[PDB]
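1. here are the coordinates; sequence isn't available:
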Ligand SMILES: CCOc1ccnc(CCNC(=S)Nc2ccc(C)cn2)c1F
């Protein structure tokens, strides 16, 4: 039936020659039954002692009988690489709604698909005889490197047809499962499902009958899927007074997963508990704010919320909010407030940044995510005004582009906290910094610093200058580094020094910063 | 078919496919399906683990989609094959032509086919993806123009003698046609060429001509002010000092004296006699490129771009730091669209001048460039590129 895929061993290498380890007589018995069986079903075939290849076999015990488990580690190491099977799974928000849905288990998949004839000789294995004084495979063996790939590749061609005569039916293959969904009415649907099973059968492929099948709703990769809505499986937040680093990590973990749908989840406080921890089993007492967070998450988590599916007929709308310094939340909907999916972006790119960059970046992250799930970019609703954005844009040396977006008056609004003058200020004192400074007005200060780093000393200077200067002030620095950082007009930083500066900068009426060699 | 092979030891590209929009995917499916029916390409099995990213791009003023395959990786690993008319740049007008379609008439070495595998991706992973491999010389592959040269030479034989007044250069899927005729008598010669090629080709770059004698270079330029404040001078010294690297004849000793002591930034300073002459001399030294900078073919061409603002950009093509071979400006869209136009423009130039693409250094976040570059790209080649963060000082010393 189904065409054979040419297989070959890696360049220069040769089939495996691994001696079969000792097998008890009871197992030796179990195998000869299993194998003799598989020789009858064409899956394997006795060969002549010309085949110097061999792969060790061993029997494993939920009845009294055993099952053959062939160890292909060697062959696999010697077999060519293949086009890897899909690594990623469709995210629910990318599905459309459906009336009926059926999952079909495809038993002994690899067992029904031919193996390249020229390759079989390499799958040789031996079954020792108890009498004190060999086969090869003719199909895809379990545990072999190239089976998950060729099996999929097959089923696809196998499905191609039934797929063209039923463009209304939707099929998705995942390992040995076949999820089929449609908008047929119950009856017709199940009937089509029935045709599918025949078609799969005509190629020796066998599946479960309606009674033993799996039907909505059903878990799947930590989700809980219905034909009309979706969500996450029941997350239980433990109740106790003694938390270990592990628990906290696991919880934080569980908390994150949940935010792709539960808006408002917060972990900042939980995650501060891990600071300086010495051992996975160390017990960290919950602080007041952590307890307040936990409890708030519990609340949010008690009353479930589902997401609706993607309706390709309508637009994707994305809205973003600033939920704290360095924290952003977003939701993508089509019908007003009817979420397909939500999420939060906390990623800081670089040691210093401002809300305009972060926002923009979150936008890029959201855009990318959307192209992957829906294959289009959403129209954004941003808490930033066109002019504010544009002002930061042109003043920045890097280039960027935000797709279709419209200001949404939803405080807090993102803005720039200060703007360096474009030219030196008349009548504003001039400070020359090098740790100290000298002004034109004669004043000066010199301070000593223990525990520092050349470049931190540089920021220190500037700092002093800002402190002792009036509401307007010109500052001349030699440090191109300090210049660089302040030029980018950061409003948030990893360093406290930069953060103090920024504070100062926000208080001034006019600051001019220049550099000289 | 000619038995092409990879550089010794090297294997085939296994390049990750950047995700696409339902819009491009559709186009690529229509296009490929047509290419399949004509045996240009073929579906492939899981026994082929290679991969080259593919993209769909819009043909300028044509409404039709173009399949753009990024064989950069394959090309680097494709064996070298064993010339550039320094005259082409001298011509007054040059029209670029897309002779890519010629390749489709030449079968590709059967054992090389697997390396041209590429994939049409899917939305949200709903399905593994269409996999294909080329049966003919693929557009964009270093190997095509080579394996087709001979045939391309023969086919250009007539026009070449019937019009030895126009130079014809070939680079990848493009034909660079230079001449000095009049823009009308020129477009006609290009068309006769087109009709000729049809005998055995869309215009690129607006169907328009580049005009390559004006490719102007750009000096460093010092401010020309009435009154000079402490700030101005400081900035002036800074810039000069930088340029001091390239042009050693630059002096600042006299300017720096105007900046002795700690004066206020806005204090207007009268330039002494000594100083005034030092400036003007610095000014003269800057009016022309530093002498002794020669193109070395055995070295890479690097292009570095800076964003100036207001839709203005600056770039520099060199091989060794400071040793600039060319410098220019580009002005308006949106940041990305511009940068992609600039890139395509600077590339074209490099191709016309030195017969090769330069490595770019782009001032943009990778994820962002990867997202919209294909929205405005129109060339058929793809330069190599890395992403960077330009310092406020470098930009502060150009344009
Ligand atoms: C458990 C989810 O299974 C699937 C995953 C990926 N694709 C399919 C087929 C297409 N299904 C679509 S577009 N919709 C859809 C709607 C609801 C449910 C419960 C399953 N699928 C699936 F049925």
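-> Thanks, I have it. Numbers count the residues shown, from 1 in each chain, chains lettered A, B, ... in the order given.

2. For the residue sitting nearest the centre point of chain B, which three-state class applies?
-> Centroid check for chain B by Cα atoms, centre = their mean gives residue B:347 as the closest residue, at 1.9 Å. Recorded secondary structure, residue B:347: helix (DSSP: H, G, I helix; E, B strand; the rest coil).

3. measure stretch B:119-132 end to end?
-> Stretch B:119-132 has an end-to-end distance of 6 Å (Cα to Cα, to the nearest Å).

4. residues making contact with that stretch?
-> A:83, A:85-86, A:88-91, A:94-95, A:152, A:156, A:172, A:372-375, B:17, B:19-20, B:22, B:25, B:28-29, B:32, B:36, B:41-44, B:48, B:51, B:54, B:117-118 (Cβ atoms under 8 Å, 6 or more residues apart in numbering or on different chains). C-betas here are computed from N, CA, C, even on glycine.

5. Apply the buried test to those and list what passes.
-> Among the contacts of stretch B:119-132, those scoring as buried are A:83, A:85-86, A:90-91, A:94-95, A:152, A:172, A:372-375, B:17, B:19-20, B:25, B:28, B:32, B:41, B:44, B:48, B:51, B:54, B:117-118 (criterion: 16 or more other Cβ atoms under 10 Å in any protein chain shown).

6. near chain A, which residues of the stretch 151-300 of chain B?
-> Counting by Cβ under 8 Å from any Cβ of the partner chain, the residues of the stretch 151-300 of chain B lying close to chain A are B:229, B:231, B:234-235, B:237-238, B:241, B:262-267.

7. Skipping adjacent residues, who's closest to residue A:363 in space?
-> Of all residues not flanking residue A:363 in the chain, residue A:402 sits nearest, at 5.4 Å (Cβ to Cβ, 6 or more residues apart in numbering or on different chains).

8. Break the chain down into its domains, please.
-> Picked chain A for this. Following curated CATH domains, one gets these domains for chain A: A:1-85+A:111-147, A:86-110+A:148-216, A:217-310, A:311-417, A:418-514.

9. Wait, chain B was what I had in mind.
-> Split into domains by curated CATH domains, chain B comes to B:1-81+B:104-144, B:82-103+B:145-219, B:220-294, B:295-399.

10. Output those domains in a markdown table, with distance to residue A:318 appended to each entry.
-> Listed next are those as a markdown table, based on distance: least, Cβ to Cβ, whole Å:
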| stretch | distance to residue A:318 |
| --- | --- |
| domain B:1-81+B:104-144 | 16 |
| domain B:82-103+B:145-219 | 36 |
| domain B:220-294 | 43 |
| domain B:295-399 | 15 |
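
11. quick one, phi psi at the most centrally placed residue in chain A?
-> Geometric centre of chain A, nearest residue: residue A:88, 8.7 Å, by Cα atoms, centre = their mean. Here is the backbone geometry of residue A:88 (degrees, to the nearest 10): phi -90, psi 150.

12. Residue A:86 versus the nearest residue to it once chain neighbours are set aside, what's the distance?
-> Closest residue to residue A:88 apart from its sequence neighbours, by Cβ to Cβ, 6+ apart: residue B:125 at 4.8 Å. For residue B:125, the distance to residue A:86 equals 6 Å [Cβ to Cβ, to the nearest Å].

13. Remind me which helix or strand residue B:318 belongs to.
-> Taking DSSP states H and E as the criterion, residue B:318 maps to strand B:312-320.

14. List the buried residues of the next helix or strand after that strand.
-> For strand B:312-320, the following helix or strand on the C-terminal side (DSSP H and E) is strand B:323-331. For strand B:323-331, burial by neighbour count (16+ other Cβ under 10 Å) applies to B:324-328, B:330.

15. and which of those residues is nearest residue A:342?
-> Proximity of the buried residues of strand B:323-331 to residue A:342 was ranked by Cβ to Cβ; the top entry is residue B:330 with 40.9 Å.

16. what sits against residue A:386?
-> Residue A:386 is in contact with residue A:407, counting by Cβ under 8 Å, 6+ apart.

17. In space, what's closest to residue A:49 - neighbours in sequence excluded?
-> residue A:134 (7.0 Å).

18. Looking at the chain, which residue reaches furthest from the middle?
-> No chain was given, so I picked chain A. residue A:442 (58.9 Å).

19. that's the wrong chain, I wanted chain B
-> Chain B, farthest from centre, Cα atoms, centre = their mean: residue B:261 at 48.5 Å.

20. Next, that residue: secondary structure please.
-> What three-state DSSP gives for residue B:261 is coil.

21. do the same with residue A:93
-> Assigned with three-state DSSP, residue A:93 falls in the helix class.

22. do the same with residue A:187
-> With three-state DSSP as the criterion, residue A:187 reads helix.

23. Walking through chain B, point out its helices one by one.
-> With DSSP state H as the criterion, chain B has helices at B:22-37, B:72-77, B:143-162, B:183-199, B:230-243, B:253-257, B:273-286, B:335-354, B:366-376, B:392-395.

24. rewinding a little: ok, and what's touching the strand holding residue B:318?
-> With contact meaning Cβ under 8 Å, 6+ apart, strand B:312-320 is reached by B:293, B:295-296, B:299-308, B:324-332, B:338-339, B:342, B:346, B:350, B:358, B:395, B:398-399.

25. Quick one: name the residues of the stretch 51-200 of chain A near chain B.
-> With Cβ under 8 Å from any Cβ as the criterion, the stretch 51-200 of chain A meets chain B at residues A:80-86, A:88-91, A:94-95, A:146, A:149-150, A:152-153, A:156, A:172.

26. near the ligand, from the residues you listed?
-> When Cβ under 6 Å from any ligand atom is applied, the members of these adjacent to the ligand are A:90, A:95, A:172.

27. For my notes, confirm the first one occurs in a helix.
-> The one in question is residue A:90. No: assigned with three-state DSSP, residue A:90 falls outside any helix and is coil.

28. Just give me the neighbour total for the nearest residue to it once chain neighbours are set aside.
-> Take residue A:90 and drop its neighbours on the chain: the residue closest to it by Cβ to Cβ, 6+ apart is residue B:124, 4.5 Å away. The number of residues packed near residue B:124 is 20, by other Cβ atoms under 10 Å in any protein chain shown.

29. Equivalent analysis for the one 3 residues further on, please.
-> By the other Cβ under 10 Å criterion, the neighbourhood of residue B:127 contains 17 residues.

30. about what we covered before: let me know the distance separating the residue nearest to the centre of chain A from residue B:283.
-> 60 Å.

31. ok, residue A:385 to residue A:366 distance?
-> 19 Å.

32. quick one, which of the two is more surrounded?
-> The neighbour count for residue A:385 versus residue A:366, taken as other Cβ under 10 Å, is higher for residue A:366 (22 against 15).
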